[PDB]
Amino acid sequence: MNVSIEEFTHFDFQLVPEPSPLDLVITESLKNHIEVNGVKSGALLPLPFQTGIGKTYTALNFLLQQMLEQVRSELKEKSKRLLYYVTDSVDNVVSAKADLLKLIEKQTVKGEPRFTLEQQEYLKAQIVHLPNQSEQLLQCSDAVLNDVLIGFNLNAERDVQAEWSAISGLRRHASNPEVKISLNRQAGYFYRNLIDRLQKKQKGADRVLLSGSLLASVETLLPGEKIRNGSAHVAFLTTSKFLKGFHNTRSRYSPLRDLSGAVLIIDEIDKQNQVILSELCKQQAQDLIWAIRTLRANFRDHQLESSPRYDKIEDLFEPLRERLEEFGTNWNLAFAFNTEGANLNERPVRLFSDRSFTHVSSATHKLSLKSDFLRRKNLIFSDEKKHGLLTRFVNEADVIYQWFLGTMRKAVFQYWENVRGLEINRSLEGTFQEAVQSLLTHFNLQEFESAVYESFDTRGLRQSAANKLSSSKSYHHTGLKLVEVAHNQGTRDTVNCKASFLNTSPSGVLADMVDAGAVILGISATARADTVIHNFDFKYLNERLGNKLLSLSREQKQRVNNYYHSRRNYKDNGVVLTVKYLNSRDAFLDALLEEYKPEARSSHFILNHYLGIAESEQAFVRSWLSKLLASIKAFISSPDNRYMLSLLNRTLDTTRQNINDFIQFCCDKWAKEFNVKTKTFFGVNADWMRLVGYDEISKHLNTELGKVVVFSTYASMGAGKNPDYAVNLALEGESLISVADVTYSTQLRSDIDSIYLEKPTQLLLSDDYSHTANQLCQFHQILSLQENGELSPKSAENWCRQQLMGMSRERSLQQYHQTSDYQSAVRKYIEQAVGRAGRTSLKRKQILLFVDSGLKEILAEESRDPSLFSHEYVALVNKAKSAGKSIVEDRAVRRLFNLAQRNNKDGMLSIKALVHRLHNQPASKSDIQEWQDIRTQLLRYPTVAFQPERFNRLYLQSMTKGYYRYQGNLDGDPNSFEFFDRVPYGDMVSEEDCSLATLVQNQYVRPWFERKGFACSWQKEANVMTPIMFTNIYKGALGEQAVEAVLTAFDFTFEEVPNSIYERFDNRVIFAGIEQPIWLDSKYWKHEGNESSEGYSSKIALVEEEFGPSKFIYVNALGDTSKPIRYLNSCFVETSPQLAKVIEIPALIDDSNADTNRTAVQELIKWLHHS
Amino acid sequence: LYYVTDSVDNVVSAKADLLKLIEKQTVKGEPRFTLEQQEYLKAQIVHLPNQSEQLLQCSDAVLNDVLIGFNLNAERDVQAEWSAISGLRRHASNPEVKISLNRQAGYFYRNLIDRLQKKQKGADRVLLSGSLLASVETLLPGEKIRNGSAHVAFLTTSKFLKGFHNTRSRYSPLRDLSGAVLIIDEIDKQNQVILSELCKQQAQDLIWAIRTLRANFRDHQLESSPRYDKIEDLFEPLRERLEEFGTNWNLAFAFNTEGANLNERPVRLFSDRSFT
Amino acid sequence: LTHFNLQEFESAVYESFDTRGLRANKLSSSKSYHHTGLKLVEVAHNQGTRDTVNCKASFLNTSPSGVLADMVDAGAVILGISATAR
Amino acid sequence: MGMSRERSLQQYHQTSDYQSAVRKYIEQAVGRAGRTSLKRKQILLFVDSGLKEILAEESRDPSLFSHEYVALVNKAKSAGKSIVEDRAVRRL
DNA sequence: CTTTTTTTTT
DNA sequence: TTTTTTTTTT
Ligand SMILES: Nc1ncnc2c1ncn2[C@@H]1O[C@H](COP(=O)(O)OP(=O)(O)OP(O)(O)=S)[C@@H](O)[C@H]1O
Ligand SMILES: [Mg+2]
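Residues numbered from 1 in each chain as written, not as in the entry; some residues may be left out. Chains lettered and ligands numbered in written order. Part of a larger assembly, values for the part shown. Heavy atoms only, no water. Residues with missing side-chain atoms left out of burial classes, pairs and counts.

Method-wise, the PDB entry is recorded as coming from cryo-EM, at a reported resolution of 2.65 Å.

**Q** Describe the protein's contact with DNA strand E, listing the residues and the values that go with them.
**A** Neighbouring DNA strand E are 21 residues; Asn50, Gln51, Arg110, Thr156 and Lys159 of chain B lie closest to it. Of all atoms in DNA strand E that approach within 4 Å of the protein, 72% are sugar or phosphate atoms. In this structure, a phosphate oxygen belonging to DNA strand E sits 2.6 Å away from a side-chain N or O atom of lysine 159 of chain B. At 3.1 Å, a side-chain N or O of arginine 170 of chain B approaches a phosphate oxygen of DNA strand E. Among the elements of the structure, α6 (95-121) and α9 (157-162) of chain B together with α1 (5-12) of chain D are those that each provide at least two residues to the surface near DNA strand E. (Near = heavy atom within 4 Å. Polar contact = N/O pair within 3.5 Å; in protein donor to acceptor, adjacent residues only side chain to side chain. Helix = DSSP H or I, 4+ residues; strand = E, 2+ residues; numbered from the N terminus.)

**Q** With reference to specific residues and values, describe the packing of helix α22 (residues 586-596) of chain A against helix α24 (residues 618-637) of chain A.
**A** Residues and elements named next belong to chain A. In contact at an axis separation of 9 Å, α22 and α24 are set at 85 degrees when each is read in the N-to-C sense. It follows from the interaxial angle that α22 and α24 lie roughly perpendicular. Here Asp586, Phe588, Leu589, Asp590 and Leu592 of α22 lie close against α24, whose contacting residues are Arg622, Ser626, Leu629 and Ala630. For the contact of α22 with α24, a count of residues per class yields five nonpolar, one polar and three charged. (Axes fitted to C-alpha atoms, helices over the stretch in contact; angles between N-to-C directions. Parallel < 35°, antiparallel > 145°, perpendicular 65-115°, else oblique. Contact = heavy atoms within 4.5 Å. Nonpolar A, V, L, I, M, F, W, Y, C, P; charged D, E, K, R; others polar.)

**Q** Before we move on, could you go through the site of ligand 1 and cite the residues and values that matter?
**A** All names here are of chain A. Residues in contact with ligand 1 amount to 15 residues; listed here are only the nearest, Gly52, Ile53, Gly54, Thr56 and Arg836. Between ligand 1 and the protein, one listed contact pairs an oxygen atom with a backbone N or O atom of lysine 55 at 3.2 Å. Separating an oxygen atom of ligand 1 from a backbone N or O atom of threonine 56 is a distance of 3.0 Å. Surface burial for ligand 1 is 84%, taken as the share of its 650 Å² of free accessible area covered by protein chains. Among the elements that take part in the shell around ligand 1, helix α2 (residues 55-76) stands out by supplying three residues, more than any other. When its residues are assigned to classes, the shell around ligand 1 shows three nonpolar, six polar and six charged. (Areas by Shrake-Rupley, 256 points an atom, 1.4 Å probe, with all protein chains shown as cover.)

**Q** Just give me the short version of the packing of aromatic side chains, but keep the residues and values in it.
**A** Here the structure, examined in full by the defined rule, presents 64 aromatic pairs over all chains. Taking 5.4 Å as the distance between ring centres and 55 degrees as the angle between the ring planes, the aromatic pair formed by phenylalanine 432 of chain A and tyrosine 453 of chain A counts as tilted. Here the residue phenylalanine 432 of chain A occupies a position in helix α17 (residues 432-443), and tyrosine 453 of chain A occupies one in helix α18 (residues 449-457), the gap between them amounting to 21 residues. Both residues of the pair, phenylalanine 432 of chain A and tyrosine 453 of chain A, count as buried. Taken together, a centroid distance of 5.8 Å and an interplanar angle of 70 degrees make the contact between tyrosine 12 of chain D and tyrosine 18 of chain D edge-to-face. In this structure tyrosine 12 of chain D comes out as partly exposed when scored by relative accessible area, which is 32%. Among the aromatic residues, ring-to-ring pairing joins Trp290, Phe299, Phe317, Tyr401, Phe404, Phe443, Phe448 and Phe501 of chain A into one connected group. Directly above the ring of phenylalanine 681 of chain A sits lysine 679 of chain A, whose terminal nitrogen or CZ lies 4.3 Å from the centroid. (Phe/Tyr/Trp six-rings, centres within 6.5 Å; stacked < 30°, edge-to-face > 60°. Buried < 20%, exposed > 50% of the residue type's maximum accessible area, 1.4 Å probe, protein only. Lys NZ or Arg CZ within 6 Å of the ring centre and 35° of its normal.)

**Q** Lay out the protein's contact with DNA strand F in plain terms, naming residues and giving numbers.
**A** All names here are of chain A. Of all residues adjacent to DNA strand F, which total 35 residues, the nearest are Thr238, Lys241, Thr651, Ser716 and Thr761. Looking at DNA strand F alone, sugar and phosphate atoms form 73% of those within 4 Å of the protein. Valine 90 is positioned with one of its backbone polar atoms (N or O) 3.3 Å from a phosphate oxygen of DNA strand F. In the model, a base oxygen of DNA strand F is placed 3.0 Å from a nitrogen or oxygen of the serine 766 side chain. For the surface near DNA strand F, the secondary-structure elements that each account for two or more residues are α9 (184-203), α12 (239-244), α26 (686-691), α28 (714-717) and α31 (809-816). No other element matches the five residues that α31 contributes to the surface near DNA strand F.

**Q** For the interface of chain C and chain A, give the residues involved together with the corresponding values.
**A** Contacts between the two partners involve 14 residues from chain C, matched on the other side by 18 residues from chain A. For the pair chain C and chain A, the two sides together bury roughly 1,300 Å², of which 44% comes from carbon and sulfur. Counting every contact that joins chain C to chain A gives one salt bridge. Where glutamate 434 of chain A meets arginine 50 of chain C, a salt bridge forms, and the shortest distance between an N and an O atom there is 3.3 Å. In the side of chain C that touches chain A, the residues fall into one nonpolar, nine polar and four charged. (Buried area = accessible area lost by both parts, 1.4 Å probe. Salt bridge = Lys/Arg side-chain N within 4 Å of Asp/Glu carboxyl O.)

**Q** Now, about the UniProt feature "binding site: ADP 2" (unreviewed entry) in chain A: what can you tell me, with residues and values included?
**A** All names here are of chain A. The residues that UniProt annotates with the feature "binding site: ADP 2" (unreviewed entry) are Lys55, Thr56, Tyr57 and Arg567. Relative to the helices and strands, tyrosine 57 is located in helix α2. By the element assignment, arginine 567 lies in the loop between α21 (554-565) and β19 (576-582). Note on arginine 567: relative accessible area 13%, which makes it buried. (UniProt positions renumbered as here; feature names shortened; annotations may be inferred.)

**Q** Tell me about the UniProt feature "binding site: ADP 1" (unreviewed entry) in chain A, residues and numbers included.
**A** Residues and elements named next belong to chain A. The positions UniProt marks with the feature "binding site: ADP 1" (unreviewed entry) are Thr51, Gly52, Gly54, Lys55, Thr56 and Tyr57. One can find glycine 54 in the loop between β1 (43-47) and α2. Along the chain, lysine 55 falls in helix α2. On the basis of relative accessibility, which here comes to 10%, the residue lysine 55 falls in the buried class. One polar contact links the side chain of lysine 55 to the main-chain carbonyl oxygen of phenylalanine 49, over a distance of 2.9 Å.

**Q** Could you give me a rundown of the packing of helix α1 (residues 21-37) of chain A against α2 of chain A, with the residues and numbers involved?
**A** Residues and elements named next belong to chain A. Two elements in contact, α1 and α2, have axes separated by 9 Å at closest approach and are oriented at 50 degrees. With respect to each other, α1 and α2 are oriented oblique. Of the two possible hands of crossing, α1 and α2 adopt the one that is right-handed. Two secondary-structure elements touch here, α1 through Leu22, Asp23, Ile26 and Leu30 and α2 through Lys55, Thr58, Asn61 and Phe62. Looking at the contact of α1 with α2 residue by residue, the classes come out as four nonpolar, two polar and two charged. (Left-handed = near helix turned anticlockwise from the far one by under 90°.)

Below is the structure:
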């Protein structure tokens, strides 16, 4: 029945249901965001309220109001606004879709249904659900497939009909449960093939016309075709499906490329952190040697067409072409690569790079790389003792590869700009595939076609342009890299460098999603958990998004708290939560095992033989099983409780059926002991929940009389399930009591009445996809813990080194158990799991909570504001705290110590790399500007009031307000630095040792400092410079500026130093029309210059060779004015003034009274006249 | 020694006829071969069917022995695939199930042999003997040829042109034909079979291939080791030809058409390469 | 192929060896269709782009009789059994 | 240009290659009744009549044929001889 | 105007 | 020394 919008004309769009406080929480924040940041701006709104308060019901009412607003827009009149509902589990997707359909059906306004049957049918026609391809194929009938095959003329093909006949035959005898497996696999492969040929047919000139039955059948087979043609604009799907996209008749639609204006509702947003991570680690490794040799070979000559379509694109690739020419010249890319020597063949070389300051190599010795022109080979060898290291080559090749992928993204966007004007309503995603194909075909780089596509998929969300001390630096938009250097397959004389990259973290992906223009509603009670492993980094998201990260006011949070406490009034309704912490108590499991099999020798024999548990793992099974039994008995002993849920870490499916039999035996015994009927539901997982619905449990409690025990896990029943059941008053005595103060629900429902919470175990994420994926996931978690501040840079480097050498998973878990991130993840899991018993307002008078005693200390360490917790979590925390006493340790000061060490180490490594790039002549403009920007910034802002977002790595947060203490070798190990209170007799970073006030009392320095805008005082701001920037940059700029100011008053002219002699001397001096060039090397004060006459004489030799004879000035800005002015030759030997090429001045401004050394300047001027 | 014919039925009938000849051949009223001689001679003959048929005739004990002996059990999807295959085996219904079982048996056999070979080529080479050797020789009949246990093969022309598998790689019998004896039965019908294999070759984009050859032969060099002796002199004329062709035809640019009768239908050219 | 950076021809090299693991057009050599073959080239627009073409070429480098003669030249002794062998 | 399979088959039917292929298939198929030395006293062969003219043009040496194929040829040839062009002169 | 089945890997 | 399940394409 074709439903139009003509039946919504008489609909009254201004009559809306009563807005709850949660509805005003979403609406007021979104209307303020629109009225402030603009209509086209994206936003991220986390909603971290109590479990079971009504956040998903409010998100589905918000989705229904968006659908009604869109219908009104089409009535008044454009393309459809896309609404997505995303969560990590399939069960929550289908439950939310059925809840929205129930909302449309059963919503009544003032005693009458809101929507007529035709309005309901249209609204339901606007919602789609996008499952995996096996579920999409298996859920549509044989008539639909035969209609599609006939309409598209595909039964003529032989392979297609053979595969479809096999599918229909296998699915006919689908009663057996092992046919269902290997039917999903073939359904997915057939769906791939059929959609590939359907799209190939639909893209050519022989494009079929779709209407009537063929259209309805292809919209049934391809739900994304409904979205493509504008029939639907609401989609329900999982996070992994959202990250992979779906299919329409034309191509595969990626929602991440078309997020401008979309609305995303991400339920349990924190658990999506790991899901996105699991996708980022699935990327394919690339051979960097082949990739760079191919890029260099195909960029020598190939040219784009001179067409208006390719306007402005050829200028994007010119810098990459010059870079490739110089890289291939420097590293001799005409030859291939092989290793040389011993110990390089037993195990391949593995290299790990943070890409900023963490570099770990598996080689014992630093590996070099030399070119043998006689052998025509590049040899990776180990030396016996510059620009010949393997790490340098690998880092530059990774930079060039990422530069190529970034310039491909820029050229695709420029192509879309040119073709929009040439084609004069085609989207950036519509033309993306044509742009990539045309560019790669023109450059003969079609082998990168896959690499470019996945590049758009992940960090392709990055419309970027960076790893400079002038940008905002973070691990989350930088990533990591793991390179394996091993021999090629088959060959025994060449090696490859297989590199795996993470170009962004999940928090980077979310931030780029908000920057794309999406409005994202993050719904979870743990949306602001203080972990970076099991949640996003919200300190990074706050710093990056700014005011696009919408916040809720104190009044709104008070209204929500009043809303929650007015519907969950436990204290006034006589409801008691009884918490019990259970130990192993093995003296009871031994008796239970004895009564299970009286004929056996002892319980060790029963466990080893009857239950099938090995001797090594018996003790663990002895501890977790007995705790479970101690909870079951206490539930059975309770006369009034009916519903129990036991959340474990492992599924009790048929694989552990022997243990299930033991558990079933024990339950039957207790059923006999108390004369209560009990039913146990084993193996309640995702597959069970899709095959056998959870309503069966709800059916049992509705009809049968007795108790029910459910055995599920955290991974299946811990985040968003509503496990309530319909209440039959005849099956419940005087036990249920309503705890809300004004009834708010139709139908009587009650929730879980007893719960057993095991301690979550495998809290450090893993990846079973491959070995590379698990390596990337482990290095991502170490770098996230170092970037947040939970790990010292020394401990993070030691953990990255043990990870590169192949540490065991138990050692990793032991290292992660030592952080506070682990405790915040444990409390997050406990709070979410305990929130499954708080869904309804019909409560039992007593609710039994049985908790693993291994959680007792952890729950005792909870110290957040208790104004946001649920009642059960407050009961758990109060019980744990009242049980004993714990020593509370501070977490912000350890983070400040770690982040001071981190910032100092990053500044050290970046400064050394930048100076090394400066010393390699010629020096590019970018490096010169970067050096000047650092010196300018540190001169203008030695301290900053707020946390910087441009030079963040130049500053650290200090305990004190304008100074701090430190200890460390500034030319040694950056991992051995100490700060603040750990060193009470260390050095200082302040104004007192600067002598800045002493320096600026000079009559000529002060006007220069005032004109330039340089600070003459250190503002007492908590963000102060790092010791590296204090000593190697700031004081050098202070001395150079003071010397230049003093000399410029004496008619001295200064020029920029040529790029080939940069960083060698401060400035170039021209005075009194002297044709002899003068070179200036200015220092702040005397200190200690370790450069002996060797390095200085080498510098003089280099400058004299470049520019002939010249004079030199070795001047110190500050010092004693009574000291003599000395004359030295190029060999630093004292001689007569007339035969000395270098004159050294001890000082230019006095330090004891701040008086300019006029005599020394006069003598220098006179000697210059003599020169 | 190879026995080749077009049809599978003639292969199995000729193998059973040779085995019957070994069994009941007589010389002057007494059997020619004792039972142990007969068992040795029969052990020298193998039959190489398609991969789905090779896998579907291996019992569950043989395949679990192979998976255990190569540490292939704990490798995720492989066990997922194998668990599915054995399930389809147990409930083999009417041919509706059987077409699917054959397709998945062939795909699983290809994957399993690919990983067995990549394991045998690396430094973690498993030692094969006893039960493990007998099981892998049952799963891979060409492993018997590679070892030297057997030297008589019965197979079809399609299998002979495709080759078979051992633990190391895929053995192509056409590359090692020196000194072999081939018995091709119904040789005339093999004319069409070989033809149907020659037409299966994959098309090549000539513009991409020549632009790649020109880009990569410009500067890249072989090593100056003894193992590459006088190989670069084989490629020098091809490099000079490539540089001259690229200069003449302006291979720095890409190619496009223009005008009528060129867009509506693609252009097809046929060449005998001599005069047609 | 690794030394020349032409690993994208690896499949092409393997199949060519498959067809020609047993081994000119000059009026001075023996000429025949059975050792030279034929070629069919299709010139069409590249898939996805509207401004470049490709020349997809399919070759037959030998006939079945050329394959059989190459087999005998490689050193195989072949017994051809059929009533219609000639 | 894209001719139809029936137009290829029409063009191939005009060659003597087609007739040697037809007679090769017939002789091989008829050779399936000559496997043993225990024979029925009468053997019945029923051949499509649209084959008789083809079988009428056998000209090879009959010393290599089987008995059933010799009888098939003699029966088709019983209508006599039809004028045909020498294959060697046209091949020349 | 002519009028299909066959093997193998995928 | 710690002690798993989940989604999607292939
Ligand atoms: N008028 C109503 N207002 C609020 N909730 C309602 C209302 N009517 C029914 N509900 C149900 O109230 C229960 C509360 O569950 P949700 O609203 O799904 O929970 P939640 O607050 O989102 O907690 P999460 O998702 O587990 S962290 C659900 O069963 C809702 O479907
Ligand atoms: Mg929810």
